[PDB]
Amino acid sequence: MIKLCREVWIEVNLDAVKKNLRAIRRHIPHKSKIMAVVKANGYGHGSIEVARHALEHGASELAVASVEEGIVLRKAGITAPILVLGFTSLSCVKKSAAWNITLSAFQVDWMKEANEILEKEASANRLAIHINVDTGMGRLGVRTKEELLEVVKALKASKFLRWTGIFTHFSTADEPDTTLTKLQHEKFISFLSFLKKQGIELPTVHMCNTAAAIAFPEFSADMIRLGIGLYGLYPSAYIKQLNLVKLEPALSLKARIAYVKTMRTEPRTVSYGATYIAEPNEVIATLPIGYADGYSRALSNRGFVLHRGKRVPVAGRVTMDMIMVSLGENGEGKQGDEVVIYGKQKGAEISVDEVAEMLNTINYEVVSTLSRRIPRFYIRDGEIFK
């Protein structure tokens, strides 16, 4: 099995990713396409391999956080549409056009200036644009129908630009109170209706994240944006508890025990601060993961890992590259034993959702902060590769 110098790694099960895409595809209208959201390194799962697999098994397009993230995917040989969800500086319009990356924008001046840059540099290829309509997320986007109309006109008069989509974002679609989500939807449809009455033909309309796709599939329009769900993780407990789609978590995080010892001699202090004192016959195992890997320092004397199918506790403080766990009095364990940090082992499981609960955050943060110094392995048709 796996040969590493530092024995910590991630396994991403692409069979689960396939099953997750299939469950969303089967839930939303047949006509709606799927945009796989692969921002922040594929939510820390690895953007390239997740994107490739998604596009083979149901997705038509990709979304990323930045041009640089889109260029990584092109260089991997990917030809599918790639949308940048955040703001792109005009300094990168030339480059984005050359690599066929679609940018989101929502301001007249940006449209006009981007067009001028491309004109001045000769316009080899046209830049694809989606317009962001801000209906309540308050992050990016145009906020009134009149300004929206001016943005559309500016985009349409820009011969070096090409309008390929229009979208909005739901800020509370994963919550039990649906009031705001319905108001956003209504506002979005009203803005789109305003354009049509002006005689404007709409490009691809999309509004659903994972949450809205599950709870409001009728809003799927031309396309949804599948993020967290692709990775087999629900956007909230509430959406999971609707029991409408079955998702399988794709990521696990593992290590091998670096050293095992019985704490026979004094002092029996463990890790920084000496916050934990072992018994004389207690067995302490050291593991090559720490907080610079994204294993939160707040799991100090709190977290659990799986060893031989059972939960064993973090002992003392998490350090930058290493943790210690207790195998208990005369506990059995040997250097080289596999430990599961996030995921399943024999009958047991420590899910990313449970870790996120421990830490008062959400599964999105737990997986997307996994350091790139952890190597990722991929499982497809039941066997591993990189």
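All residue numbers refer to positions in the sequence shown, first residue = 1.
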Worksheet item: Should the higher mean CA B-factor in the entry be assigned to 115 to 123 or to 93 to 101?
Response: 115 to 123
Discussion item. Test of understanding: from the entry's C-alpha B-factors, which stretch has the higher mean, 221 to 229 or 185 to 193?
Written reply: 185 to 193
Worksheet, complete the sentence: Residue set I200, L73, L161, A292, per-entry CA B-factor max assigned to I200
Fill in: Top Cα B factor in the deposited entry, candidates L247, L149, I78, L253
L149
Worksheet item: What third of the chain, by the recorded C-alpha B-factor, contains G46?
Response: lowest
Worksheet item: Can you tell me which third, lowest, middle or highest, the CA B-factor of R264 falls into for its chain?
Response: highest
Practice prompt. Ordered by C-alpha B-factor within the chain, which third holds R376? Give me lowest, middle or highest, please.
Written response: middle
Worksheet item: Can you tell me which third, lowest, middle or highest, the CA B-factor of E332 falls into for its chain?
Response: highest
Discussion item. Is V17 in the lowest, middle or highest third of its chain when residues are ranked by C-alpha B-factor?
Written reply: middle
